[PDB]
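Trainee: Got input-v9.txt for you, compact mmCIF, C-alpha atoms and all ligand atoms:
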# COMPACT_ATOMS: atom_id res chain seq x y z
CA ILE A 2 31.82 5.69 35.18
CA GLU A 3 32.43 2.11 36.30
CA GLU A 4 33.45 -0.51 33.76
CA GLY A 5 31.30 -3.62 33.66
CA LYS A 6 27.95 -1.88 34.21
CA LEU A 7 25.53 0.52 32.52
CA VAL A 8 24.22 3.76 33.99
CA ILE A 9 21.45 5.42 32.00
CA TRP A 10 19.80 8.82 32.27
CA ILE A 11 16.36 9.62 30.92
CA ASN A 12 13.84 12.45 31.26
CA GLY A 13 11.55 11.80 34.23
CA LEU A 14 8.50 12.38 32.04
CA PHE A 15 9.09 9.15 30.13
CA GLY A 16 8.84 5.53 31.21
CA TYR A 17 12.06 5.23 33.18
CA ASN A 18 10.61 2.32 35.16
CA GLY A 19 9.77 0.59 31.90
CA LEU A 20 13.31 1.23 30.70
CA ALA A 21 14.59 -0.29 33.96
CA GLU A 22 12.63 -3.47 33.21
CA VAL A 23 14.50 -3.83 29.92
CA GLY A 24 17.71 -3.25 31.85
CA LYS A 25 16.76 -6.10 34.19
CA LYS A 26 16.22 -8.56 31.32
CA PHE A 27 19.64 -7.47 30.05
CA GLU A 28 21.18 -8.13 33.48
CA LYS A 29 19.48 -11.53 33.76
CA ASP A 30 20.75 -12.55 30.31
CA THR A 31 24.14 -10.85 30.51
CA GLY A 32 25.02 -10.35 34.17
CA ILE A 33 25.63 -6.62 33.67
CA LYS A 34 23.82 -4.31 36.11
CA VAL A 35 21.81 -1.51 34.46
CA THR A 36 20.93 1.51 36.60
CA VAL A 37 18.28 3.95 35.34
CA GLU A 38 18.17 7.46 36.82
CA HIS A 39 16.16 10.55 35.93
CA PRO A 40 18.20 13.53 37.18
CA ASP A 41 16.62 16.98 37.32
CA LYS A 42 17.44 19.11 34.28
CA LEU A 43 19.50 16.21 32.92
CA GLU A 44 19.84 18.01 29.57
CA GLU A 45 21.89 20.73 31.27
CA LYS A 46 23.61 18.42 33.74
CA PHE A 47 24.96 15.94 31.17
CA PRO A 48 27.11 18.55 29.37
CA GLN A 49 28.70 19.71 32.62
CA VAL A 50 29.62 16.26 33.95
CA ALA A 51 30.35 14.56 30.61
CA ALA A 52 32.90 17.31 29.93
CA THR A 53 35.04 16.03 32.82
CA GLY A 54 34.85 12.41 31.72
CA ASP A 55 31.91 11.04 33.69
CA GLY A 56 28.11 11.05 33.77
CA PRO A 57 25.96 8.14 32.48
CA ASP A 58 27.07 5.71 29.78
CA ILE A 59 23.83 6.42 27.88
CA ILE A 60 21.66 9.56 27.79
CA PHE A 61 18.02 9.54 26.62
CA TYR A 62 16.57 12.91 25.60
CA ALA A 63 14.97 14.75 22.70
CA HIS A 64 17.29 15.02 19.68
CA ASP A 65 17.47 18.83 19.65
CA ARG A 66 20.01 18.83 22.51
CA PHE A 67 22.41 16.36 20.88
CA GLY A 68 24.01 18.63 18.29
CA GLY A 69 25.34 20.73 21.15
CA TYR A 70 26.83 17.65 22.86
CA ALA A 71 28.38 16.35 19.64
CA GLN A 72 30.05 19.69 18.88
CA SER A 73 31.66 19.44 22.32
CA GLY A 74 32.89 15.92 21.60
CA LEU A 75 30.69 14.40 24.32
CA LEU A 76 29.10 11.74 22.11
CA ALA A 77 30.53 8.60 20.60
CA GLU A 78 29.63 7.99 16.97
CA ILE A 79 27.20 5.08 16.83
CA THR A 80 28.03 2.22 14.47
CA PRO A 81 24.75 0.56 13.34
CA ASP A 82 25.01 -1.66 10.25
CA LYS A 83 22.72 -1.43 7.21
CA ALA A 84 20.48 -4.29 8.36
CA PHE A 85 19.76 -2.49 11.63
CA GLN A 86 19.39 0.96 10.07
CA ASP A 87 16.72 -0.51 7.79
CA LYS A 88 14.69 -1.49 10.87
CA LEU A 89 14.03 2.16 11.77
CA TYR A 90 12.29 4.80 9.64
CA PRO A 91 14.92 6.83 7.77
CA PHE A 92 13.45 10.18 8.83
CA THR A 93 14.21 9.34 12.45
CA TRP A 94 17.84 8.65 11.46
CA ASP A 95 18.15 12.12 9.90
CA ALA A 96 17.02 13.56 13.27
CA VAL A 97 20.17 12.23 14.97
CA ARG A 98 22.62 12.97 12.17
CA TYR A 99 25.15 15.67 12.98
CA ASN A 100 27.94 16.78 10.64
CA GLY A 101 27.31 13.79 8.40
CA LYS A 102 27.62 11.45 11.39
CA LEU A 103 25.08 9.51 13.48
CA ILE A 104 25.38 10.63 17.09
CA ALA A 105 22.51 8.69 18.69
CA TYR A 106 19.84 6.02 18.27
CA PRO A 107 16.32 7.28 17.49
CA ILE A 108 13.78 5.74 19.86
CA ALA A 109 10.46 7.52 19.33
CA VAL A 110 8.80 10.49 17.68
CA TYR A 111 6.42 12.71 19.60
CA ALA A 112 4.55 16.00 19.43
CA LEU A 113 1.92 17.81 21.50
CA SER A 114 -1.82 17.31 20.89
CA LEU A 115 -5.01 18.89 22.20
CA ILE A 116 -6.51 16.65 24.90
CA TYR A 117 -10.17 17.22 25.83
CA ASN A 118 -12.80 15.84 28.23
CA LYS A 119 -15.46 14.22 26.00
CA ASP A 120 -18.10 14.53 28.74
CA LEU A 121 -17.39 18.21 29.38
CA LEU A 122 -16.92 19.16 25.73
CA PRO A 123 -18.32 16.73 23.09
CA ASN A 124 -16.99 18.90 20.26
CA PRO A 125 -13.54 20.42 20.92
CA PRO A 126 -12.77 23.94 19.54
CA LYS A 127 -11.05 24.02 16.15
CA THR A 128 -9.70 27.50 16.77
CA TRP A 129 -7.82 29.32 19.53
CA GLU A 130 -10.01 32.39 19.02
CA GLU A 131 -13.11 30.63 20.37
CA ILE A 132 -11.50 29.54 23.67
CA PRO A 133 -12.07 32.81 25.58
CA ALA A 134 -15.83 32.75 25.01
CA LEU A 135 -15.82 29.03 25.74
CA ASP A 136 -13.97 29.65 29.02
CA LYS A 137 -16.43 32.27 30.25
CA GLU A 138 -19.19 29.78 29.46
CA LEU A 139 -17.51 26.99 31.46
CA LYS A 140 -16.98 29.45 34.30
CA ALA A 141 -20.75 29.37 34.79
CA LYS A 142 -20.11 25.89 36.18
CA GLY A 143 -16.99 26.55 38.19
CA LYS A 144 -14.87 25.02 35.41
CA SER A 145 -12.24 26.33 32.99
CA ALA A 146 -11.75 25.75 29.28
CA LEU A 147 -8.05 25.04 28.96
CA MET A 148 -5.11 24.44 31.27
CA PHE A 149 -1.56 23.50 30.23
CA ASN A 150 2.05 24.10 31.32
CA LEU A 151 2.91 27.74 30.63
CA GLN A 152 6.36 27.48 32.25
CA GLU A 153 8.06 25.54 29.43
CA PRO A 154 8.19 27.06 25.93
CA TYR A 155 7.79 23.64 24.33
CA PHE A 156 4.11 23.91 25.32
CA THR A 157 3.52 27.48 24.15
CA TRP A 158 5.65 27.36 20.98
CA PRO A 159 2.93 25.72 18.81
CA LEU A 160 0.75 28.84 19.09
CA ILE A 161 3.66 31.27 18.62
CA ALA A 162 4.79 29.64 15.38
CA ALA A 163 1.24 29.39 14.00
CA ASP A 164 1.05 32.78 12.26
CA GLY A 165 4.71 32.80 11.19
CA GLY A 166 7.09 32.57 14.13
CA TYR A 167 10.09 30.25 13.83
CA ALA A 168 13.48 29.40 15.30
CA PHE A 169 16.18 28.89 12.66
CA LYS A 170 15.26 28.75 8.98
CA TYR A 171 16.53 25.58 7.32
CA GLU A 172 17.89 26.67 3.96
CA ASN A 173 20.76 25.80 1.59
CA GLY A 174 21.17 22.42 3.28
CA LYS A 175 21.62 23.75 6.83
CA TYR A 176 20.08 25.84 9.60
CA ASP A 177 20.70 29.57 9.20
CA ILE A 178 21.63 30.69 12.71
CA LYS A 179 21.22 34.36 11.86
CA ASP A 180 17.77 34.05 10.25
CA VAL A 181 15.72 33.78 13.44
CA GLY A 182 11.97 34.35 13.65
CA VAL A 183 11.14 34.85 17.32
CA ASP A 184 10.64 38.59 16.93
CA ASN A 185 8.53 38.70 13.76
CA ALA A 186 4.85 39.57 13.25
CA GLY A 187 3.70 35.96 13.33
CA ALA A 188 5.45 35.28 16.63
CA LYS A 189 4.25 38.54 18.19
CA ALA A 190 0.62 37.85 17.24
CA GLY A 191 0.69 34.39 18.81
CA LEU A 192 2.31 35.41 22.09
CA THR A 193 0.05 38.48 22.36
CA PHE A 194 -2.97 36.17 22.22
CA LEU A 195 -1.53 33.91 24.92
CA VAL A 196 -0.67 36.83 27.18
CA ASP A 197 -4.16 38.27 26.61
CA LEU A 198 -5.67 34.97 27.81
CA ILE A 199 -3.55 35.27 30.96
CA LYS A 200 -4.22 38.95 31.69
CA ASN A 201 -7.93 38.60 30.89
CA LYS A 202 -7.80 35.84 33.50
CA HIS A 203 -8.77 32.88 31.28
CA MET A 204 -5.47 31.32 32.35
CA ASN A 205 -2.98 31.83 35.19
CA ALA A 206 0.69 32.59 34.51
CA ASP A 207 1.59 30.25 37.40
CA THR A 208 0.06 27.14 35.81
CA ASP A 209 2.78 24.50 35.49
CA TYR A 210 2.87 20.79 34.63
CA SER A 211 1.44 19.70 38.02
CA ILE A 212 -1.40 22.21 38.00
CA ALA A 213 -2.55 21.45 34.46
CA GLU A 214 -2.35 17.68 34.95
CA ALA A 215 -4.25 17.65 38.23
CA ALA A 216 -6.89 19.99 36.82
CA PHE A 217 -7.55 17.90 33.73
CA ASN A 218 -7.33 14.53 35.50
CA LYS A 219 -9.81 15.73 38.16
CA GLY A 220 -12.15 16.91 35.40
CA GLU A 221 -11.91 20.56 36.41
CA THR A 222 -10.80 21.84 33.01
CA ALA A 223 -12.19 20.81 29.61
CA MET A 224 -8.85 20.75 27.79
CA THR A 225 -5.09 20.53 28.16
CA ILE A 226 -2.07 20.33 25.87
CA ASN A 227 0.37 17.47 26.36
CA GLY A 228 2.39 14.66 24.81
CA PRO A 229 1.97 10.83 24.70
CA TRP A 230 3.73 10.42 28.08
CA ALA A 231 0.73 11.94 29.86
CA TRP A 232 -1.82 9.41 28.59
CA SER A 233 -1.00 6.92 31.35
CA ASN A 234 -2.13 9.12 34.22
CA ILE A 235 -5.21 10.21 32.28
CA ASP A 236 -6.24 6.57 31.80
CA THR A 237 -5.80 6.03 35.52
CA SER A 238 -7.97 9.06 36.33
CA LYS A 239 -10.83 7.51 34.33
CA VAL A 240 -11.57 10.71 32.38
CA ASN A 241 -13.32 9.99 29.07
CA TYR A 242 -10.83 11.89 26.94
CA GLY A 243 -10.00 12.43 23.30
CA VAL A 244 -6.69 13.30 21.62
CA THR A 245 -7.01 15.63 18.64
CA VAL A 246 -5.43 18.31 16.42
CA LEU A 247 -4.33 21.51 18.16
CA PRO A 248 -6.60 24.46 17.46
CA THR A 249 -5.81 26.90 14.65
CA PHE A 250 -4.67 30.50 15.03
CA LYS A 251 -5.63 33.24 12.58
CA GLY A 252 -6.79 30.45 10.31
CA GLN A 253 -3.52 28.53 10.44
CA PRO A 254 -2.58 25.26 12.18
CA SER A 255 -0.61 25.32 15.41
CA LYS A 256 2.91 24.10 14.62
CA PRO A 257 4.30 21.91 17.42
CA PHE A 258 8.04 21.22 17.50
CA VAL A 259 8.47 17.50 16.86
CA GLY A 260 10.97 15.74 19.11
CA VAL A 261 12.74 12.44 18.56
CA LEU A 262 13.63 10.78 21.89
CA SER A 263 17.20 9.61 21.29
CA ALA A 264 19.82 7.52 23.08
CA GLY A 265 23.35 8.86 22.84
CA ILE A 266 26.48 7.16 24.20
CA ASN A 267 28.92 9.11 26.38
CA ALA A 268 32.25 9.59 24.62
CA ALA A 269 34.01 8.98 27.96
CA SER A 270 32.27 5.63 28.49
CA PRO A 271 34.26 2.37 28.99
CA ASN A 272 31.12 0.39 28.13
CA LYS A 273 30.46 1.45 24.54
CA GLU A 274 30.18 -2.16 23.33
CA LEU A 275 27.70 -2.99 26.07
CA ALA A 276 25.74 0.20 25.38
CA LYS A 277 25.41 -0.72 21.69
CA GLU A 278 24.29 -4.26 22.56
CA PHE A 279 21.65 -3.04 24.98
CA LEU A 280 20.23 -0.41 22.62
CA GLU A 281 20.29 -2.48 19.42
CA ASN A 282 19.39 -5.90 20.77
CA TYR A 283 17.38 -5.27 23.92
CA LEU A 284 15.76 -1.85 23.73
CA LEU A 285 15.03 -1.31 20.04
CA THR A 286 12.97 -4.48 19.70
CA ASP A 287 9.23 -5.13 19.94
CA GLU A 288 9.76 -6.49 23.47
CA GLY A 289 11.91 -3.64 24.76
CA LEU A 290 9.79 -0.81 23.38
CA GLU A 291 6.54 -2.39 24.59
CA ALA A 292 8.08 -2.53 28.07
CA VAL A 293 8.85 1.19 28.05
CA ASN A 294 5.65 2.05 26.18
CA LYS A 295 3.45 0.24 28.74
CA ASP A 296 5.01 2.43 31.43
CA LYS A 297 4.61 5.79 29.67
CA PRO A 298 3.47 5.93 26.02
CA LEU A 299 6.36 6.97 23.73
CA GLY A 300 4.31 8.17 20.76
CA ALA A 301 5.26 6.80 17.32
CA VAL A 302 8.33 4.59 17.83
CA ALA A 303 11.26 4.54 15.39
CA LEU A 304 11.06 0.74 15.14
CA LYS A 305 9.00 -0.07 12.05
CA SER A 306 7.79 -3.47 13.24
CA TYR A 307 6.45 -2.14 16.54
CA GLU A 308 5.19 1.16 15.11
CA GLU A 309 2.92 -0.84 12.81
CA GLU A 310 1.21 -2.38 15.84
CA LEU A 311 0.84 1.04 17.50
CA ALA A 312 -0.23 2.98 14.38
CA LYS A 313 -3.74 1.58 14.88
CA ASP A 314 -4.23 3.62 18.07
CA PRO A 315 -6.19 6.79 17.19
CA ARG A 316 -4.28 8.70 19.87
CA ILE A 317 -1.09 7.95 17.90
CA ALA A 318 -2.76 8.97 14.64
CA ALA A 319 -3.62 12.31 16.27
CA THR A 320 -0.01 12.70 17.46
CA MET A 321 1.29 12.15 13.93
CA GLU A 322 -1.24 14.51 12.39
CA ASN A 323 -0.07 17.28 14.77
CA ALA A 324 3.54 16.29 14.05
CA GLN A 325 3.06 16.61 10.26
CA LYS A 326 1.60 20.09 10.74
CA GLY A 327 4.56 21.08 12.86
CA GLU A 328 8.29 20.83 12.34
CA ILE A 329 11.13 18.53 13.41
CA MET A 330 13.32 20.46 15.83
CA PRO A 331 16.80 21.45 14.62
CA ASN A 332 19.72 19.83 16.45
CA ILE A 333 22.33 22.58 16.10
CA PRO A 334 24.37 23.80 19.12
CA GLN A 335 22.40 27.06 19.12
CA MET A 336 19.17 25.32 20.19
CA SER A 337 20.13 25.61 23.86
CA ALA A 338 20.27 29.39 23.41
CA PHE A 339 16.97 29.48 21.54
CA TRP A 340 15.12 27.60 24.31
CA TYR A 341 16.69 29.62 27.13
CA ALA A 342 15.87 32.94 25.43
CA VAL A 343 12.30 31.91 24.53
CA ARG A 344 11.62 30.42 27.95
CA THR A 345 12.52 33.80 29.44
CA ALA A 346 10.56 35.84 26.92
CA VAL A 347 7.30 33.92 27.49
CA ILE A 348 7.73 34.07 31.26
CA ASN A 349 8.36 37.84 31.37
CA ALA A 350 5.59 38.65 28.88
CA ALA A 351 3.15 36.48 30.86
CA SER A 352 4.16 37.88 34.26
CA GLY A 353 3.91 41.49 33.11
CA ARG A 354 7.59 42.25 33.74
CA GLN A 355 7.79 42.95 29.99
CA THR A 356 5.57 43.77 27.03
CA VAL A 357 5.32 41.10 24.31
CA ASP A 358 7.39 43.30 21.97
CA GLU A 359 10.18 43.89 24.48
CA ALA A 360 10.36 40.23 25.49
CA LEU A 361 10.67 38.91 21.95
CA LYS A 362 13.10 41.64 20.85
CA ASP A 363 15.44 40.65 23.72
CA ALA A 364 15.09 36.93 23.00
CA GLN A 365 15.86 37.51 19.31
CA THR A 366 18.87 39.69 20.10
CA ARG A 367 20.27 37.14 22.55
CA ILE A 368 19.74 34.25 20.12
CA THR A 369 21.65 35.97 17.33
CA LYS A 370 24.11 37.95 19.50
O1 LIG B 1 9.22 20.62 29.97
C1 LIG B 1 9.43 20.55 28.55
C2 LIG B 1 9.48 19.13 28.02
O2 LIG B 1 9.44 19.18 26.57
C3 LIG B 1 10.57 18.54 26.00
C4 LIG B 1 10.09 17.87 24.71
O3 LIG B 1 11.16 17.19 24.05
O4 LIG B 1 11.69 19.48 25.81
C5 LIG B 1 11.70 20.26 24.85
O5 LIG B 1 11.38 21.60 25.28
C6 LIG B 1 12.34 22.22 26.21
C7 LIG B 1 11.84 23.63 26.54
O6 LIG B 1 10.50 23.63 27.03
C8 LIG B 1 13.76 22.20 25.60
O7 LIG B 1 14.64 22.79 26.55
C9 LIG B 1 14.16 20.76 25.24
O8 LIG B 1 15.48 20.75 24.68
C10 LIG B 1 13.11 20.22 24.23
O9 LIG B 1 13.42 18.89 23.83
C11 LIG B 1 11.04 17.58 27.10
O10 LIG B 1 12.36 17.12 26.96
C12 LIG B 1 10.76 18.39 28.35
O11 LIG B 1 10.67 17.59 29.52
ZN ZN B 2 -12.32 37.16 27.91
ZN ZN B 3 5.13 25.97 39.26
Give the structure from this file in structure tokens form.
Ligand SMILES: OC[C@H]1O[C@@](CO)(O[C@H]2O[C@H](CO)[C@@H](O)[C@H](O)[C@H]2O)[C@@H](O)[C@@H]1O
Ligand SMILES: [Zn+2]
Ligand SMILES: [Zn+2]

Mentor:
Amino acid sequence: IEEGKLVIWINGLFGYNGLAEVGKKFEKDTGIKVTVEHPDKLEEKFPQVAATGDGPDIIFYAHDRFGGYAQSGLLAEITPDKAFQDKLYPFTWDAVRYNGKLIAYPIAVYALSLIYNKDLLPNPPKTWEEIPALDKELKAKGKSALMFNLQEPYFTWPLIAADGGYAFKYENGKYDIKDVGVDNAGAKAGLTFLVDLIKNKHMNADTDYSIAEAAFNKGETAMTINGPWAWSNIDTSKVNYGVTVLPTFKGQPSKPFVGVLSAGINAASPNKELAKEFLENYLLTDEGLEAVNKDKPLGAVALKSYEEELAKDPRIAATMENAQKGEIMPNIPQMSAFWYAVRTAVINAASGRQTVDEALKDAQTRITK
């Protein structure tokens, strides 16, 4: 890491170009060059490189990955004063607190919502159970009912947790890493339904982010599941779409895992003062957030002043409604294991290489091993 400049990493799904614009205003005003990159699998890359003393000066990613980094001493403790802390909703601050210490700056809160084509389906389904019949019906027009990324468990987890599945129970003031619910009845029921949709051919196990996006933006599928970041391309496609509550399962709401996009500062960085200045005085301001938000919508931002101007947007109201029905992700070091195990379980169950029961049993065992 070079002293006198800022290198930032952020998930390619978000508005990295919008974040670069903020970096340019910073450079103009300060003279410091800000380089924004979106490396592949940055959440796994950062740990590796940061452990040797390099990597970016600032890393932007969902808060669930940060506990792992902090435990490894890869994050500098941020030092925001009371006046600044008061500018962001306190619940977003709790999302980046680890071991009684703040390890990152909250930027935005997001969750998945059901997105549907108003012209193909005026009244979206309130339940998962009615999608199969609805799909067959749309097949009589060469169209499908629902397409969404089945490769990443973040997308399928809302259904799995609906009837009772869960990661780590939060109890006694902390996350119980032995009390895991990926192999219970609730979780099995939800994944069995998903896998049935795939085997019965209402969905294809190969559907990924590209497939689902192209299908919905070309009006070939009535619905999709995605986050705020996808709204930009949908607007560009001209689809008359709506953003609403995820359907229910066995009479219960789908429970999406709520993520808080956070900016953490590399412990090995020689530009910690500059990082703080950029985040607190350039990014986390109405101006900075609007810049990023106009690139790719962030969802409900942590900045109270700006969030008030965004709250009006019904798409954001829908995001929050889904978020309140779900659960803020835990940020413990074991989350990496949870995601890896679940990602594998869903993939094997969906590809036939394993029965739902097997898949989940193995994920559960590996998560608590
Ligand atoms: O492709 C998944 C997409 O979802 C996010 C939402 O924050 O990641 C979440 O889900 C992953 C598994 O699907 C986890 O590995 C990750 O830690 C979690 O935040 C995005 O970051 C990601 O691009
Ligand atoms: Zn069917
Ligand atoms: Zn693919």

Trainee: Which residue out of A:40, A:254, A:143, A:327 has the minimum interatomic distance to residue A:113 when only C-alpha atoms are used?

Mentor: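 Using only C-alpha atoms, the shortest distance to residue A:113 belongs to A:327.
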
Trainee: As lines of an AutoDock Vina configuration file, please report the centre and edge lengths, rounded to one decimal in Å, of the axis-aligned box that holds all listed atoms of stretch 184-194 of chain A with 8 Å of padding on each of the six sides.

Mentor:
center_x = 3.8
center_y = 37.0
center_z = 17.8
size_x = 29.6
size_y = 21.2
size_z = 25.1

Trainee: Please indicate the distance in Å from atom CA of residue A:218 to atom CA of residue A:261, rounded to one decimal place.

Mentor: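 One can read the atom CA of residue A:218 to atom CA of residue A:261 distance as 26.3 Å.
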
Trainee: Can you tell me how far atom CA of residue A:204 sits from atom CA of residue A:349, in Å to one decimal?

Mentor: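 It comes out at 15.3 Å.
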
Trainee: Kindly provide, as a list in words, all nucleotide and amino acid residues lying within 12 Å of ligand ZN 3 (chain B), counting only C-alpha atoms and all ligand atoms.

Mentor: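 Selection of residues at most 12 Å from ligand ZN 3 (chain B): residues 149, 150, 151, 152, 153, 205, 206, 207, 208, 209, 210, 211, 212, 213, 214 and 348 of chain A.
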
Trainee: Enumerate residues in contact with ligand LIG 1 (chain B): an atom-to-atom distance of at most 9 Å, counting only C-alpha atoms and all ligand atoms. Format the result as number ranges by chain.

Mentor: A: 12-15, 42, 44-45, 62-66, 111-113, 150, 152-158, 210, 228, 258-262, 330, 336-337, 339-341, 343-344

Trainee: Around ligand ZN 2 (chain B), which protein and nucleic acid residues have at least one atom no more than 9 Å from it, if we count all atoms listed in the file? List them as a CSV table (one decimal) with C-alpha atoms, keeping the file's coordinate frame.

Mentor:
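After the write, pocket.csv holds the following:
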chain,number,residue,atom,x,y,z
A,132,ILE,CA,-11.5,29.5,23.7
A,133,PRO,CA,-12.1,32.8,25.6
A,134,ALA,CA,-15.8,32.8,25.0
A,136,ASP,CA,-14.0,29.6,29.0
A,137,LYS,CA,-16.4,32.3,30.2
A,197,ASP,CA,-4.2,38.3,26.6
A,198,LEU,CA,-5.7,35.0,27.8
A,201,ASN,CA,-7.9,38.6,30.9
A,202,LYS,CA,-7.8,35.8,33.5
A,203,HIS,CA,-8.8,32.9,31.3

Trainee: So how many Å separate atom CA of residue A:310 and atom CA of residue A:293, to one decimal?

Mentor: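 Answer for the atom CA of residue A:310 to atom CA of residue A:293 separation: 14.8 Å.
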
Trainee: Write out as a count of residues only each polymer residue whose atoms come within 10 Å of residue A:291, counting all atoms listed in the file; drop sequence neighbours fewer than 5 positions from it.

Mentor: 13

Trainee: A:167, A:146, A:172, A:24: which is nearest residue A:328, counting all atoms listed in the file?

Mentor: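 Using all atoms listed in the file, the shortest distance to residue A:328 belongs to A:167.
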
Trainee: Which polymer residues have any atom within 6 Å of an atom of residue A:242, counting only C-alpha atoms, with same-chain residues fewer than 3 positions away left out, as a list in words?

Mentor: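 Counting only the stated atoms, we get residues 117, 118 and 119 of chain A.
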
Trainee: Quick one: everything within 9 Å of residue A:321, counting all atoms listed in the file, minus sequence neighbours fewer than 2 positions away in the same chain. Send it as a short mmCIF file (atom, residue, chain, number, x, y, z; two decimals) with C-alpha atoms, in the coordinates of the input.

Mentor:
data_model
loop_
_atom_site.label_atom_id
_atom_site.label_comp_id
_atom_site.auth_asym_id
_atom_site.auth_seq_id
_atom_site.Cartn_x
_atom_site.Cartn_y
_atom_site.Cartn_z
CA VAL A 110 8.80 10.49 17.68
CA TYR A 111 6.42 12.71 19.60
CA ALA A 112 4.55 16.00 19.43
CA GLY A 300 4.31 8.17 20.76
CA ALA A 301 5.26 6.80 17.32
CA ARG A 316 -4.28 8.70 19.87
CA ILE A 317 -1.09 7.95 17.90
CA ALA A 318 -2.76 8.97 14.64
CA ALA A 319 -3.62 12.31 16.27
CA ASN A 323 -0.07 17.28 14.77
CA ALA A 324 3.54 16.29 14.05
CA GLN A 325 3.06 16.61 10.26
CA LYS A 326 1.60 20.09 10.74
#

Trainee: So, with only C-alpha atoms as the atoms that count, which of A:238, A:222, A:249, A:270 lies closest to residue A:2?

Mentor: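 Closest to residue A:2, using only C-alpha atoms: A:270.
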
Trainee: Contacts of residue A:91 at 12 Å or less, counting only C-alpha atoms, minus same-chain residues fewer than 6 places along, as a ChimeraX atom specification?

Mentor: /A:83,85,97-98,103,106-107,303-305

Trainee: Find, counting all atoms listed in the file, the residue in A:70, A:347, A:114, A:231 that gets nearest to residue A:191.

Mentor: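 Nearest to residue A:191: A:347.
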
Trainee: Choose the residue, out of A:232, A:67, A:129, A:169, that has the smallest atom-to-atom separation from residue A:194; count all atoms listed in the file.

Mentor: A:129

Trainee: Give the answer as one residue: which of A:160, A:266, A:199, A:104 has the shortest atom-to-atom distance to residue A:71, using only C-alpha atoms?

Mentor: A:104
